[PDB]
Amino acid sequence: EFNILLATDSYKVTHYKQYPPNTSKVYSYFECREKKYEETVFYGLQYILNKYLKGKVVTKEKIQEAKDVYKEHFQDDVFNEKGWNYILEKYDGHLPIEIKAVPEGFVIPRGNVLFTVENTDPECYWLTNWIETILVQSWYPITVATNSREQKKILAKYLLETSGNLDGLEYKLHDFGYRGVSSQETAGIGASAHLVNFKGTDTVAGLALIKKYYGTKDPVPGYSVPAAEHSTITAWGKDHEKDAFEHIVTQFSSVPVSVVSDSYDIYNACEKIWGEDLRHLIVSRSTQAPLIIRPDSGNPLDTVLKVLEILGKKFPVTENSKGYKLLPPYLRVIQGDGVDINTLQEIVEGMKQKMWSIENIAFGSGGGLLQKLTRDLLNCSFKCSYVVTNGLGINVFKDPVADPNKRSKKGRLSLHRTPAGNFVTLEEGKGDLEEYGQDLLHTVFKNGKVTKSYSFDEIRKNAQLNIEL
């Protein structure tokens, strides 16, 4: 089983001896510090609260386990057994902590308080920052959700421009990232964050996470269709690629099907195999069951353009009301290699310059979507801003001489709407003056209980783009 006493950075085990004597309160906050990605989607804390922080998280056995581990790890007895004992005895092992947070799905500009943490019992002043490590991992679903939303903005802009509407936008970026992330747990968290913005995923782990921790009215939050991989093509033998294609599209004749087409020669496959030998099997398909051709190698922009060029000459292309070229409805393309936020932009802009509608294409992204992200992207950070020592509150902060970007906020914080309807974080307990309407932070956790929860439907509503509003 998971042991919260072993789920912190080692050095934090020693911090109870380092704070000022007579400290009864340590109050800390999380922000995506201002330093590109001007606003972030707050998502993922509810998962952490439920899986790791709520209920009886301290037991006699867990305390002894930690004591034994830290004895060897530090070669010294430094572990605060007395402090953990107190929580076990007084609170039946529930954490005396209060966390207040902005609603999940909320889109907030950089440099604003997103959640705060403080101890509710003076004996547990040390506990606030014990749980920094576990809480800071919220950086990941925040960053995946944010980066996914930024790609949706790019897709929406170009889809609207080239088609006149946003039909199909929520299926334009498919999660291919299950194999490319660092763990099973990561896969679930990351896939769920992408699903805040889109509905197409192959990362099955995301579905179970959403069902367990968030919930949706619909049976599932994400969908897929039958699709080939290189192995189901190559297994037929080099000389039988056409037989593989024919078998697969016939097996899946009445649903959408994606067929990876670059095993040997993507251009030959498009022009000769799909475009001639098997054309009769494609032009007969329903609009609700297109063939989706999938290139998977070469320069992503150059390959997409060449594939469209080939297909446009073998299949009947129309010109939409915006003046952009459109493949027949039984034929589409998905580019699922080398896609990240930067290359996505390059591809849709290249398509627009060549007069191809974004209606023609969808994207798959794996490592770019779920793995190629760090805590530095949005500067997700947790800092102490207020302590009470000898009954007096003190506003505290860091402000390193050589890096003003690392200065932290001072005092008790609150988040408010400005008169123009934007966001502002008030420092130094100024929220108490009541000049800025209600605090947007809500208590979500208190003394071992989750006190406020959001459904996945609510989160999706909060995270909507302006364009779709």
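Quick note: we count residues from 1 along the sequence shown, nothing fancier.
- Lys35 is a gap in at least a third of the other entries compared, counting only those with both neighbours built.
- According to the entry, the deposited sequence places 10 or more unmodelled residues between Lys35 and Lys36.
- Look at the mean CA B-factor for 176-184 and for 160-168 in the entry; the higher one is 160-168.
- As listed in the deposited structure, the average C-alpha B-factor of 98-106 and of 75-83 is greater for 75-83.
- Across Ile273, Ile341, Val283, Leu195, the greatest Cα temperature factor reported in the deposited entry is at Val283.
- Set against one another, the Cα B-factors of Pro122, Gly368, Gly364, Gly111 in the record reach their highest point at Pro122.
- Among all modelled residues in this chain, the alpha-carbon of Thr201 has a temperature factor (C-alpha) in the lowest third.
- Looking at the C-alpha B-factors along this chain, the one for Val41 belongs to the lowest third.
- Placement of the Cα temperature factor of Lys17 within the chain: middle third of the modelled residues, per the deposited record.
- For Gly215, the recorded CA temperature factor ranks within the highest third of the chain's modelled residues.
- In this PDB entry, the Cα temperature factor of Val249 sits in the top third of its chain's modelled residues, the highest group.
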